[PDB]
Each structure stands twice: as structure tokens, then as C-alpha cells.
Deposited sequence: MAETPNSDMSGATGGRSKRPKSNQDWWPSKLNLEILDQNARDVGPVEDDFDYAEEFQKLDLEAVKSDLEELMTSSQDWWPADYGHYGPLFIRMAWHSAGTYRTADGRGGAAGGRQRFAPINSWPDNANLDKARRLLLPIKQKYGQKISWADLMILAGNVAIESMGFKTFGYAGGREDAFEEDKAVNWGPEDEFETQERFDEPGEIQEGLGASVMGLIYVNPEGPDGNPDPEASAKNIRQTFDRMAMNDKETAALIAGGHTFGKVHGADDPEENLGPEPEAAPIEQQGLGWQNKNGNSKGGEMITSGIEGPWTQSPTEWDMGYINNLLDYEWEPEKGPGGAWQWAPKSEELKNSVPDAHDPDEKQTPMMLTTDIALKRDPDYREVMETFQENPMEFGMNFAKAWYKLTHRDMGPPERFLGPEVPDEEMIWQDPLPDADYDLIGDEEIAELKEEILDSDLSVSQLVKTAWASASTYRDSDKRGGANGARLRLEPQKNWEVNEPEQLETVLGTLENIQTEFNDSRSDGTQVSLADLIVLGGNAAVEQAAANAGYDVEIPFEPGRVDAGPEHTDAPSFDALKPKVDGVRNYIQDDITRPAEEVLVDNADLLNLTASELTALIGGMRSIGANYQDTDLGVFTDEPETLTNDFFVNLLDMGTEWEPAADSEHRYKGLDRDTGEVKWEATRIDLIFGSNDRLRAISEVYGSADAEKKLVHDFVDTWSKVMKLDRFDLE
């Protein structure tokens, strides 16, 4: 049958598999392959030309509605990007993961297996020059353009994944199309981007399957907010999207559709939902009179007529006009000698019955140009929000205008410091009254916000000094101000002492200071190490920063600083591993980082938690040696939720204090094996260098400008 996994035997076993994913890139792509360079070779217009032809090239295994695949591709592209959550930046269209389980078999992605299959020929034709990820979004753009609407822009650069992202927790439910995440609409469990397991954002029929538009609006507003969209963007996206195509529900899905892709027979070759006798959502009908043309049909139909809920031919909730003025005003999608009546979903009526969405819809209807621009910009934002800063956007269709949601960075209008200035500045920093701990902590506070999921955060920009980061509890505002003030004076003095047009950013000084401190700690232990350093980081201002959007990067747990927000729901070590994944760390790198860090001591509020050493600020393997010493016995700290005491097994002496973050490295079976290596007699030099390599890696995660 199949081996039983350890997680099956022990549900609470640390989920290290998410870090293992950072230890290797599955798939056949060569390590030295550069997608950006390959995409640069692509003739984008040629791909777009082929996509446009495909729009009206119906394939017999999935006949195009109205003879135009446009709407289907738009839904496909929207769903690809629609799984994004601002909480951890996971989900999204960047890896084209809609192609892998579980996403490929989610109920909401029914028949998109066919949409993706239609693009196979074009994918094969251009090969590595265009990823599935880039292609699916481009397909959506061409669909929109071919139907009479100009897009705001397009960027390539999304590298294809070859498996699912194991780190994404899609929710607590054990069944698709069920919800155990909200009791009241608009009160969805934190950290989730949808209101139902297996859906993109919300239930099209209404919350809990009840056709209550006002209530639906509350889940619509919250889920979209959790996907970085406000009221105008949300209304424009829904109305813009539903200006095209139709919903499919000729009959009930539960009884007429075969198994989803992952559960379908091998002969179906990746396809699923085989019709036993089109049925997709189970809801049936077009929103507008001309489903393949951009116009004001959706907004006018919604606002100018009265709608009432009913059960459609698929047994699902949908709305019909009270009058018969729109009766059979739409041509059937396939039967040339037949017609249909427009329909509205509960989620569409929501935009009309919610007072705030209604104001936006009224404004859009009165001025089509405003409706258009809002949709154009929101579609661009939707499909590029997980791609990171402007440097990563590739191709001839990238707009000249950089949007605030890209977390743009100013240009460094000055010459960068050379090897001589660098060494100079490093001594100047170590010459200041700043301690090794202050420098390391500050460099970490700056770089640690980066998350590889949507490429946001990092030391470039020195946003640590701006709102909201400068005031985050974890960053110890008052302590932080002291360090930045000192580094700022060093920057000022240096920039003034220059005459050759050279300047240094505060962003670089923070990282350089961190490097200098680590090299010092290593020196204190008898090791001579040179940490790679590359200048070029710039100082972003508040004008390059959407402050509220950065709250999403605020940590509840920080291993390096041994900070644990006394409010977390999951065990601290689980959040630690979750966070480590965003920094692209393997279990070994995480171990080396935390262990090495504890010998230096850079804890929040300067606690001694996990600092198992008699010589702080001295990079050694003391953390592991003392952690593994059986002469010490550990016990939970009295009246504490995360702290432990390390007592001498014999004399009873309280030798150390620690958190679960520290102790997991001596408890988890795999982490302990790594700890034993670093805690060995002739392994300190290795630990020092592995710590240095990981430190350097994190400091450079957001350096897309150097790629």
C-alpha cells in the first residue's frame, strides 16, 4: 500500500519537511539556469499572437463558450493569483502551483485543468523561454485585450515550481467546501485568505450556503482585504471579471462530475471532473448580454434591475431578474438556436446591497472610464502582487510607473563605497560605543523581515527606521533609536568627508555593522573570517512605503532574538520553522544560525534565554556543548508558558534559562542529530563558518539588484 508517515503516528511532530524543500529544487532544471535571461530571449508579441489565435480555436474535448476561451482564461488567471494571503505572503500565481495538488483539485478550480491544458501547445512551443506561471497570467491578459479592454501592463519573471509549497496551511477543515473558520461573517480566523476550504475567496452562494448578500459582503470585504485589496479594487475586480463569460451548472456537480484530478483514473491523464453524462460550479448562466465583450453590461444589469434568489438547474443559489425585460436576452454559449437570461450570484448582489460597495458601483456606472481604470490597475496588482520589488519585473510590457504595492526603492544617485571605504566604515562602526550585540540585533531586525513567498521585506531600503517597523515591540524602539542615531552620525560624517561623489546609505551601514560585529565575535573565539559584503542598498523614504501593508511582516516569534509574543496559538518552535522557511533556510542552516547566535547573545531585552555560554559575544559552539551535556537536566519554569530551567543534575544548580526555541534543537529527533554534529569536539570551526554563511545569506536575500 504505502509507508505510514511519522506525522501520521505523531500529529504534532515538527514539520521540518518545509525546510527540506529549501535544501533542493526538485524538477529537471539545471542549477545554473537563469530564467530571467531566458525570458529576455522571448518574443513576447509572438506568444501573445499565438494566445490570441487560441482564443477562438475551439478544441473538441472542451468546446469554447460563445466560440471564445477568453472568459475561461481570465477565471484561470484570477484563480492562479487568487490564493495569495498577505499574512505570510504564500499562495499566489508566482510558481504556477495551480498545476499541483492540492490546489489543482480544489472544488473552486474545477475544469481549470482543461483551461491549463489548452495552453500546453504554446508552452511546448516556447519552452523554457516562458514559464507556466508567466504564461497563465499572460493568457488572462490576452483574453482581456482580445475582448476590447487594454491592460495596464505585464511583467514576466515568475519561475515555475515543480511541486506544491508544503508550508501553506490552507485551513483547519478536513473536507473541501466546508468551513470551520468563522462563526460570524467578517470574523474569519486570522491568517486565512478564504472563508471556506478549497475556495479562492468566498462561497458564491453566500456564507454557509445562505443567499444573504449583506452577510456575503462581509466575507468578501475581509478575504479581499487579506489579499491586499480595498473596496474600490474589490468591486472593480469582481465587476470587471464578471463582465465576461458565464457560470456553469447544467446539472448538480455532486452527482454528475467524476473525481477531481488527483482522484481521477490514470487514463484521464491529469484531467478531472469528467462529466458522467458543462458543469463547473453548479451555478448556471451569463452575467451579461455580450459575454465576450468589454462593456457596462454587468454593472447595468446589476444596478438597473431587481433581483431575487432562486435555485438554478444545478441546485445552487443564483439570482434572476424580477421582471422579464432581460428574459432570453443572451445567446446560449453553444446552441446557436437558443437563448438564456442573465443571472447574478449572491456575491454580485453583495456589491449592490452592501452600502459601501453600492457607492462604488454607482460611481463606476456613472463613469465607465473610472470603472475601467480601477479594474485595469487592480488586475495588474492582482496578478503581480507576489512578485516583489520592481527589479524583478521583466519584459517590454512592464509599465514605466512603479506602484506603491511593489514596495518601490529610490535610485542611488551617487557612487558606491569601495573596498577601502568599506574597511574604513567597519572600523569606524566598531570604534563607536555600539556593542557586538547591538549591531547584530539591528542588522537582524533589518534583514529578517524578508519572506521568499512574495519577495517583500529585507534590509534594502532600511525600512526598519520607518513606520511601522521602527515602533514594532520586537524591535525595541528606544534601543533601536540609539543604534540608528549612532549609525546615522557615521553616515553623515562620512558623506560630508567625501568629495568624489561617493556616498553610503544607512541601509548598507546597518548590514556592514552586523558583518563587522559577527567577524569580531568570531575573532574573539580565535577565528579569522571575512564576511562577503556588497554595497548598493538604498534608503527608502515614507513615500516608498505603504506602512499599513508592512504590518503583515511583523513577527510573533523571532528565534535569533528569542522573542515570543505571549499570544501565539501554535507552539513557538512551529512558528520558528514557519519563519525559517520564509528565509529559505534548511534545518541545518536554522540550527547553525540559532546555536551560533546564542554564543553571541542578541536577545530581545538582552535576556540570557538560551545563552548557554560563559563568554557572550564570542562565536563558539558552546550552545550545543552545553545543550547536550547530560550533566544538566531541564524542567518547565514555574508559572511560565514558554520558559524552561536547566539544572545541574547533581548539585541542583540552576545553570541556564531557555525557551522552547532553544530546547527544540535538543528534543526533535532530526534537529538533535544536527546539534550533535556541531556539539562535537572538532566541529566548532565548521559551526563558525556555517553560521557565517547563513548570516550572509539572510543579509543578501533581497538583493535582486545584484542579480
property	result
Unmodelled ranges, which are counted on the deposited sequence from position 1 and given in order	1-17, 295-301
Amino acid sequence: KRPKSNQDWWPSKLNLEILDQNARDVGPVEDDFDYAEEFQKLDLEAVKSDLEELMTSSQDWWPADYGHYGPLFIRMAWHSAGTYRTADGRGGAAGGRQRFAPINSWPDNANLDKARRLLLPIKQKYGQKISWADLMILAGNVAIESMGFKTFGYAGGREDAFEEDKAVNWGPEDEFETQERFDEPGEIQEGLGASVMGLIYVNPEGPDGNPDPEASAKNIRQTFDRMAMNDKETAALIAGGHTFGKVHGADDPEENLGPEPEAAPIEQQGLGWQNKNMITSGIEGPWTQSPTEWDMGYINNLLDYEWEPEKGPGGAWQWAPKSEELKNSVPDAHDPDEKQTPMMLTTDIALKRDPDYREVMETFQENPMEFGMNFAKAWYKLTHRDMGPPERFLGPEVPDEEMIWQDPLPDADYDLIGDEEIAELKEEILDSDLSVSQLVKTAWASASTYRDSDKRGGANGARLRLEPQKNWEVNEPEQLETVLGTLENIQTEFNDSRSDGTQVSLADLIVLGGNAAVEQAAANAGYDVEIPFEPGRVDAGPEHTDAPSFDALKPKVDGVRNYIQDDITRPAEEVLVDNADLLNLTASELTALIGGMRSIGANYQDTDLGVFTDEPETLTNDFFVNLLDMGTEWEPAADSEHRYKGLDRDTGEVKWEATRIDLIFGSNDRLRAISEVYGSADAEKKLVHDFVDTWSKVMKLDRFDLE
From here on, numbers count along this sequence of modelled residues.
{"item": "Higher-scoring stretch by recorded Cα B factor average, 496-504 or 262-270", "value": "496-504"}
{"item": "Mean C-alpha B-factor comparison - 475-483 and 68-76, higher one", "value": "475-483"}
{"item": "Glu467, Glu543, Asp454, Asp567, ranked by C-alpha B-factor: the highest one", "value": "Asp567"}
{"item": "Out of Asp669, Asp662, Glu52, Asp639, highest CA B-factor residue", "value": "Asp639"}
{"item": "Position of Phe624 among the chain's modelled residues by C-alpha B-factor, lowest, middle or highest third", "value": "middle"}
{"item": "Third of chain Cα B-factors occupied by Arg385", "value": "lowest"}
{"item": "Third assignment of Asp354 from its chain's C-alpha B-factors", "value": "middle"}
{"item": "Where the record places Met699 (Cα B-factor, split into thirds across the chain)", "value": "middle"}
{"item": "CA B-factor placement of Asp581, once the chain's modelled residues are sorted into thirds", "value": "lowest"}
